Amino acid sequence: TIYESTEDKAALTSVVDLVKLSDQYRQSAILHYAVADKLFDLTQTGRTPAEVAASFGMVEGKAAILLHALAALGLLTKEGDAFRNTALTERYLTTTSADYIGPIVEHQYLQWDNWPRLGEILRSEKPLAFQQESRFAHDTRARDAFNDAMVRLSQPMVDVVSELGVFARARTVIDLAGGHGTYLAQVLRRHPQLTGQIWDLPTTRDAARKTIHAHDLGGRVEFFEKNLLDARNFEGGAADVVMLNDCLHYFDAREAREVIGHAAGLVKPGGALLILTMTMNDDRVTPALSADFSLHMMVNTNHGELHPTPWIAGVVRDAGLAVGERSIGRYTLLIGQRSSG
């Protein structure tokens, strides 16, 4: 599972590793291609390069080169002159599989052209035309891939959040920036006494309606269009549990402090604020994959940045809540508890 924990150190320590790193993008592109053209749907049964080539309109000799490279990767098994999917490929890379990771792969290959534009991003105070806030209104494909990819990638933590003890005696939940809404839906399924609100932007609303109906939660969840940066949007809101899951990294530090404060203000006495965030120490370099994630988010959105976990925890304390925590692989779940008296 991808959420599983990671090393403090990721340093390159040899020139070989340096050239390999500069070259490693090619393997991504190969997988991206095989997935995009749905090659592995054809190879659910054994095919020769002639048969693959005829199906796809390829040069036979070139199809053979590709199939050999895919076999060498462990994605195909060559039996005689025929190629067929391996167990891994059949399970995760066939469109008909319940475990298909197409959306994740598609979300990833759709960012290919953005990464070489690092120099422009670094030099812009404003969102650039290719970042998510500028892209998702017109690029339904990229919006849906991203939302579907997050639902899949988030599942390990969804299962942990849904078993938290703060829900057992709670009645109401607010999911801030809830988006796809998988955390709230799974929490409500498990806890029949709960009702829920999802507070997010217009772009997420169809994804929420899918999730809600998919889990049969029609009469238990309401969707609200809300701007989490606008304090007035929080007037008169209150719940036993308020969630900010895997979303603070869309905000700069000033913004993130304001969102945490507003969120905390929604928490009823005896209630809890939950913040799920990738674990990052105050040094901003440990664990190593946290620094990578911060940069990833900076490429994706103007203010993208992973804030240190101890800094987030201090903001929750500053809001007057007692902070507990839980490790979920590479993530930390912070639980801010409001005293009842």
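Numbers follow the displayed sequence, beginning with 1.
Discussion item. Going by the mean C-alpha B-factor recorded in the entry, which is higher: 178-186 or 239-247?
Written reply: Looking at the record's C-alpha B-factors, the answer is 178-186.
Worksheet item: Taking only the CA atoms, which stretch has the higher mean B-factor in the record, 141-149 or 117-125?
Response: The recorded data point to 141-149.
Discussion item. Highest Cα temperature factor in the entry, among the options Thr94, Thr86, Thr204, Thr195: which one is it?
Written reply: That would be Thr204.
Fill in: Top Cα B factor in the deposited entry, candidates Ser28, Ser290, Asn300, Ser55
Answer for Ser28, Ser290, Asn300, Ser55: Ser55, with the highest C-alpha B-factor.
Practice prompt. Could you tell me which third, lowest, middle or highest, the C-alpha B-factor of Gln111 occupies within its chain?
Written response: Within its chain, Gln111 is a middle-third residue by C-alpha B-factor, going by the deposited values.
Worksheet item: Ranked by Cα temperature factor within the chain, is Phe234 in the lowest third, the middle third or the highest third?
Response: It falls in the middle third of the chain.
Worksheet item: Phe167: which third of its chain by C-alpha temperature factor?
Response: Answer is lowest: the recorded C-alpha B-factor places it there.
Worksheet entry | Assigned third (lowest, middle, highest) for the C-alpha B factor of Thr45 | Tercile = highest for this residue's CA B-factor.
Worksheet item: Lowest, middle or highest third: where is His191 by Cα B-factor in its chain?
Response: Lowest third - that is where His191 ends up once the chain's C-alpha B-factors are sorted.
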